[PDB]
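I have placed the structure first, in the form of structure tokens, so that the comments after it can refer back to it.
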Amino acid sequence: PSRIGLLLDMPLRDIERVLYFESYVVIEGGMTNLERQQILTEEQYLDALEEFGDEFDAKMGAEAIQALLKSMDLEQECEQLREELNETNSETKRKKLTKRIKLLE
DNA sequence: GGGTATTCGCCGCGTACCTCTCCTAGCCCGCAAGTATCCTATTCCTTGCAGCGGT
């Protein structure tokens, strides 16, 4: 498994695309339609910034990954994930959240 | 969502020794060597100007 992939909890395909400069990823993406870490195609990024030339940041590549990682709190995420793992559901999400919590702790 | 099947990709496949060969490709710029050419002489001829005896 890829430690980045499941620490940040993003499918490895999308990090593969981002880290070789063929897409865009939002960093904070607040005060707008976008979420924390949506992926964008080049044209999608151009269109989004056109309609939303406000301050939402969407970077491209290693710098974006670094900012996204450095912009996270570990133990708080651990609390949220253990609360969610409390139940709903112990079928495969049980295994997934146990692994992610193991890495985070 | 969720239990399940199917696919993709990574990991692995004996020890010790002996002999031999071969180990980047391509451009480029100084540079040695070798050469064809150009200026350098000699001999003949017919002019153009300065001295010069002569009166």
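Residues are named by chain letter and number: chains run A, B, ... in the order of the structure tokens, numbers start at 1 in each chain, and ligands are numbered from 1 in the order shown.
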
So that I can see what lies close to residue 71 in chain A, please list as an mmCIF file with N, CA, C and O atoms, in the first residue's frame the residues with an atom at most 12 Å from it, counting only C-alpha atoms (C1' of nucleotides) and leaving out residues fewer than 2 positions away in the same chain.
data_model
loop_
_atom_site.group_PDB
_atom_site.id
_atom_site.type_symbol
_atom_site.label_atom_id
_atom_site.label_comp_id
_atom_site.auth_asym_id
_atom_site.auth_seq_id
_atom_site.Cartn_x
_atom_site.Cartn_y
_atom_site.Cartn_z
ATOM 1 N N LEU A 8 -3.453 10.418 3.351
ATOM 2 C CA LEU A 8 -4.308 11.455 2.803
ATOM 3 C C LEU A 8 -5.655 10.903 2.363
ATOM 4 O O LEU A 8 -6.606 11.671 2.200
ATOM 5 N N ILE A 27 -6.843 23.064 -2.591
ATOM 6 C CA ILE A 27 -6.160 22.960 -1.308
ATOM 7 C C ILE A 27 -7.173 23.152 -0.190
ATOM 8 O O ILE A 27 -7.410 22.242 0.610
ATOM 9 N N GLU A 28 -7.780 24.334 -0.135
ATOM 10 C CA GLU A 28 -8.811 24.634 0.849
ATOM 11 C C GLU A 28 -10.201 24.713 0.232
ATOM 12 O O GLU A 28 -11.157 24.183 0.804
ATOM 13 N N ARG A 36 -12.705 20.138 -0.243
ATOM 14 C CA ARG A 36 -11.318 20.225 0.201
ATOM 15 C C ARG A 36 -10.348 19.807 -0.897
ATOM 16 O O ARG A 36 -9.408 20.544 -1.217
ATOM 17 N N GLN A 37 -10.549 18.628 -1.479
ATOM 18 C CA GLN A 37 -9.538 18.006 -2.331
ATOM 19 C C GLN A 37 -10.170 17.404 -3.581
ATOM 20 O O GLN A 37 -9.873 16.278 -3.977
ATOM 21 N N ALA A 64 1.529 21.165 -4.305
ATOM 22 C CA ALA A 64 0.160 20.985 -3.844
ATOM 23 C C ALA A 64 0.077 19.862 -2.824
ATOM 24 O O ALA A 64 -0.572 20.005 -1.781
ATOM 25 N N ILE A 65 0.730 18.735 -3.105
ATOM 26 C CA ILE A 65 0.695 17.622 -2.163
ATOM 27 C C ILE A 65 1.307 18.039 -0.834
ATOM 28 O O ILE A 65 0.781 17.720 0.239
ATOM 29 N N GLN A 66 2.438 18.741 -0.882
ATOM 30 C CA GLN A 66 3.094 19.159 0.348
ATOM 31 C C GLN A 66 2.188 20.059 1.168
ATOM 32 O O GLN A 66 2.055 19.878 2.383
ATOM 33 N N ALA A 67 1.572 21.050 0.527
ATOM 34 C CA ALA A 67 0.685 21.944 1.259
ATOM 35 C C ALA A 67 -0.481 21.173 1.854
ATOM 36 O O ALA A 67 -0.847 21.378 3.018
ATOM 37 N N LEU A 68 -1.062 20.263 1.075
ATOM 38 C CA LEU A 68 -2.217 19.519 1.554
ATOM 39 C C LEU A 68 -1.861 18.671 2.766
ATOM 40 O O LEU A 68 -2.629 18.603 3.731
ATOM 41 N N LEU A 69 -0.701 18.015 2.737
ATOM 42 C CA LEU A 69 -0.287 17.213 3.883
ATOM 43 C C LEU A 69 0.006 18.094 5.088
ATOM 44 O O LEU A 69 -0.489 17.840 6.190
ATOM 45 N N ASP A 73 -4.274 18.163 10.695
ATOM 46 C CA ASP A 73 -4.029 17.782 12.079
ATOM 47 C C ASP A 73 -4.259 16.287 12.233
ATOM 48 O O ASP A 73 -5.299 15.764 11.821
ATOM 49 N N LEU A 74 -3.293 15.604 12.839
ATOM 50 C CA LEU A 74 -3.334 14.149 12.909
ATOM 51 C C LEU A 74 -4.309 13.656 13.973
ATOM 52 O O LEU A 74 -5.300 12.995 13.653
ATOM 53 N N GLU A 77 -7.966 14.262 13.391
ATOM 54 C CA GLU A 77 -8.463 13.321 12.399
ATOM 55 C C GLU A 77 -8.655 11.944 13.012
ATOM 56 O O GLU A 77 -9.605 11.234 12.677
#

When the cut-off is 12 Å and we count only C-alpha atoms (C1' of nucleotides), which residues of chain B are near chain A, given as a PDB file with N, CA and C atoms (P, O5', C5', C4', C3', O3' and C1' of nucleotides), in the first residue's frame?
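After the write, selection_20.pdb holds the following:
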ATOM      1  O5'  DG B   1     -23.828   4.440   0.514  1.00  0.00           O
ATOM      2  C5'  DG B   1     -22.955   3.610   1.267  1.00  0.00           C
ATOM      3  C4'  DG B   1     -23.700   2.424   1.848  1.00  0.00           C
ATOM      4  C3'  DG B   1     -22.849   1.196   2.106  1.00  0.00           C
ATOM      5  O3'  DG B   1     -23.441   0.384   3.119  1.00  0.00           O
ATOM      6  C1'  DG B   1     -24.307   0.747   0.320  1.00  0.00           C
ATOM      7  P    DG B   2     -22.608  -0.804   3.807  1.00  0.00           P
ATOM      8  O5'  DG B   2     -23.603  -2.055   3.751  1.00  0.00           O
ATOM      9  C5'  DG B   2     -24.188  -2.439   2.516  1.00  0.00           C
ATOM     10  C4'  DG B   2     -23.901  -3.895   2.206  1.00  0.00           C
ATOM     11  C3'  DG B   2     -22.506  -4.371   2.563  1.00  0.00           C
ATOM     12  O3'  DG B   2     -22.504  -5.771   2.782  1.00  0.00           O
ATOM     13  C1'  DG B   2     -22.710  -4.290   0.219  1.00  0.00           C
ATOM     14  P    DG B   3     -21.267  -6.477   3.519  1.00  0.00           P
ATOM     15  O5'  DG B   3     -21.256  -7.954   2.910  1.00  0.00           O
ATOM     16  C5'  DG B   3     -22.467  -8.686   2.783  1.00  0.00           C
ATOM     17  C4'  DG B   3     -22.411  -9.599   1.577  1.00  0.00           C
ATOM     18  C3'  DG B   3     -21.123 -10.407   1.462  1.00  0.00           C
ATOM     19  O3'  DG B   3     -21.383 -11.737   1.050  1.00  0.00           O
ATOM     20  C1'  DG B   3     -21.360  -8.990  -0.440  1.00  0.00           C
ATOM     21  P    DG B   9      -1.784  -3.588 -14.654  1.00  0.00           P
ATOM     22  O5'  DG B   9      -0.830  -3.808 -13.395  1.00  0.00           O
ATOM     23  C5'  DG B   9      -1.031  -3.044 -12.221  1.00  0.00           C
ATOM     24  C4'  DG B   9      -0.192  -3.576 -11.080  1.00  0.00           C
ATOM     25  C3'  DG B   9       1.267  -3.854 -11.438  1.00  0.00           C
ATOM     26  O3'  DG B   9       2.126  -3.299 -10.462  1.00  0.00           O
ATOM     27  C1'  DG B   9       0.291  -5.779 -10.480  1.00  0.00           C
ATOM     28  P    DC B  10       3.710  -3.240 -10.710  1.00  0.00           P
ATOM     29  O5'  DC B  10       4.311  -3.939  -9.412  1.00  0.00           O
ATOM     30  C5'  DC B  10       3.843  -3.552  -8.135  1.00  0.00           C
ATOM     31  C4'  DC B  10       4.132  -4.627  -7.111  1.00  0.00           C
ATOM     32  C3'  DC B  10       5.567  -5.137  -7.131  1.00  0.00           C
ATOM     33  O3'  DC B  10       6.111  -5.152  -5.824  1.00  0.00           O
ATOM     34  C1'  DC B  10       4.050  -6.950  -7.327  1.00  0.00           C
TER      35       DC B  10
END

Original post:
How would you write, as a VMD selection string, the set of residues in range 11-103 of chain A that DSSP gives as alpha helix (DSSP H)?
Top reply: chain A and resid 12 to 19 42 to 51 62 to 70 74 to 85 93 to 103

**OP:** Could you give me, as a PyMOL selection string, the residues within 10 Å of residue 55 in chain A, counting only C-alpha atoms (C1' of nucleotides) and dropping anything in the same chain fewer than 5 positions from it?
**Re:** chain A and resi 28-32+49

**OP:** May I have the residues within 8 Å of residue 12 in chain A as a ChimeraX atom specification, using only C-alpha atoms (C1' of nucleotides) and disregarding those fewer than 4 positions away in the same chain?
**Re:** /A:2,5,16

**OP:** Considering only C-alpha atoms (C1' of nucleotides), return as a ChimeraX atom specification whatever protein or nucleic-acid residues lie within 7 Å of range 79-84 of chain A, sequence-local ones (same chain, fewer than 4 positions apart) excluded.
**Re:** /A:75,97,101

Restricting it to N, CA, C and O atoms, dump the selection as a compact mmCIF listing (two decimals), in the first residue's frame.
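part00.txt was written with the following content:
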# COMPACT_ATOMS: atom_id res chain seq x y z
N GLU A 75 -4.05 13.98 15.24
CA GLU A 75 -4.84 13.40 16.32
C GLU A 75 -6.31 13.79 16.21
O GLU A 75 -7.18 12.99 16.56
N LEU A 97 -11.00 1.76 8.01
CA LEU A 97 -10.79 2.74 9.06
C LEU A 97 -9.81 2.23 10.11
O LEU A 97 -9.05 3.02 10.66
N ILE A 101 -6.60 4.45 10.89
CA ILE A 101 -6.35 4.88 12.26
C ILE A 101 -5.02 4.33 12.74
O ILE A 101 -4.29 5.01 13.47

**OP:** May I have the residues within 6 Å of range 38-41 of chain A as a list in words, using only C-alpha atoms (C1' of nucleotides) and disregarding those fewer than 6 positions away in the same chain?
**Re:** residues 23, 24, 25 and 26 of chain A
